[PDB]
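What follows is a single chain, given as structure tokens, in the form deposited in one PDB entry.
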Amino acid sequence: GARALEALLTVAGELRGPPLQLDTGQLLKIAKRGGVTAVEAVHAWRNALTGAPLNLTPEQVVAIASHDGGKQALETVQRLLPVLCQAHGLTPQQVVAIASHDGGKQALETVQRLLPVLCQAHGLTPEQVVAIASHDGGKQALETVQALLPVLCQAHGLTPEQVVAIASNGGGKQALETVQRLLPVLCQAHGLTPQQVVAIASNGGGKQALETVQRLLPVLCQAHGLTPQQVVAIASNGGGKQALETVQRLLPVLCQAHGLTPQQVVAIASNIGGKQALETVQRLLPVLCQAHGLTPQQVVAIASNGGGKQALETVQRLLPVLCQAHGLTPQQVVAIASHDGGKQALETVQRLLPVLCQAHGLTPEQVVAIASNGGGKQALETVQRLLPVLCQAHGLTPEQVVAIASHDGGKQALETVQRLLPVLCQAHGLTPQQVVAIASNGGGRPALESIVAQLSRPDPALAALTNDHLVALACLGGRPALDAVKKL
């Protein structure tokens, strides 16, 4: 707190310049999350970390420092990164990721120790081991995978990949041990498949979710009239214990006082933060359907996404100013709000609507179309930045830019165009329309990436097709479409 800021101010000047050049947000973050020690450690080793053999970026260092025990993780990286890159074939990016969590020292040491056994004896890839390690308590998860992977596969009939999926969240050790304990009970008493069991276990707090399913399954079914498929769907997100308990508590209330169906209730609870969306519907539905004039159908549709609560509140706060100061319609506002991160999207529209219409000459329908996707906020911001860049450098039309941005991951598709259009046109003879067309579905980024990988390093199975055929195939079904044909 006070000591942390003390150390920070004393040092701020130096690391604000070479070799780190940390902005103030980076300085506060390290102080707040890594503490005095992390602040001092970063200042001490600021040279060792930015240079050979390590060559870490400022971002990378900040990210390792900004945790409980940052000094230790920073110490451990400097020591073990070469060995893990040299003698285990891991990338520096991977070493950093293992490091960037509470207890990063343990995870790094445990990986060095257990990666050989986990790969050579349990048939795991290094990527898989890295994924298990890349969370709080990774040491525990890796050790528990080492102990329990074979019994979970040999006796319970899970696959390695299911086991890795259960291990690869925080509390992975807890989730795995619970599955071992509860899988037979939950299958052979409540009637669940091991797939359903894995699904519930494969999010953070899985142990809690599993235990709550055992406890509450009979009640939700034999009393509230829900099916086990529905209970599983509620439980199959992070905080699934919170969502289950909340369905039990609020399902009658929500149906009877606000007129919703179980169907709609289950839909609201079946998302990360489901407990929050439920309680926010119960508290926000009146105001919305009355003072604002929304239907319950519309309110349900807004709440039935990850972080539904945030969308709901932002709609209530912005439904006026949007419908009367930018001339949007409530149906549009609903459409924007009805995706994960709806709040972020709504706020970004309000801020960038006049700029995109009045400066770049877009229509408000085009803005709504860009905003009505997951990551709507990202897509809008990247249009603002990359629209002039793409029109001026490559002659893309604003229509084409809109098209690329109006899917999920539109930010990625847009950036991948900026990066890959020159090599695809110049060095491979694609036309911009072709490039745009490939980027004009979802998975624009990976489709474009898949295309350039083939063009610059052909797999034989694909070398039988002309560039045009490849383009047509990329336009047909993106990266999955290229992979399907390689597999022939």
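Residue numbers here begin at 1 and follow the sequence given. Rigid core here is just the name for the largest C-alpha set that superposes within 1.5 Å across the two forms.
Beyond what is shown, the protein has a form deposited in another entry; the following relates to that form.
A 2 Å or larger CA shift between this form and the one not shown, after fitting on the rigid core, occurs at just one of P398, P364, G103, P262, namely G103.
Comparing the forms between this form and the one not shown on their rigid core, the Cα displacement of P126 reaches 2 Å or more. Core-superposed comparison between this form and the one not shown: the C-alpha position of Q94 differs by no less than 2 Å.
Superposed on the core, the two forms differ at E75: its CA moves 2 Å or more between this form and the one not shown.
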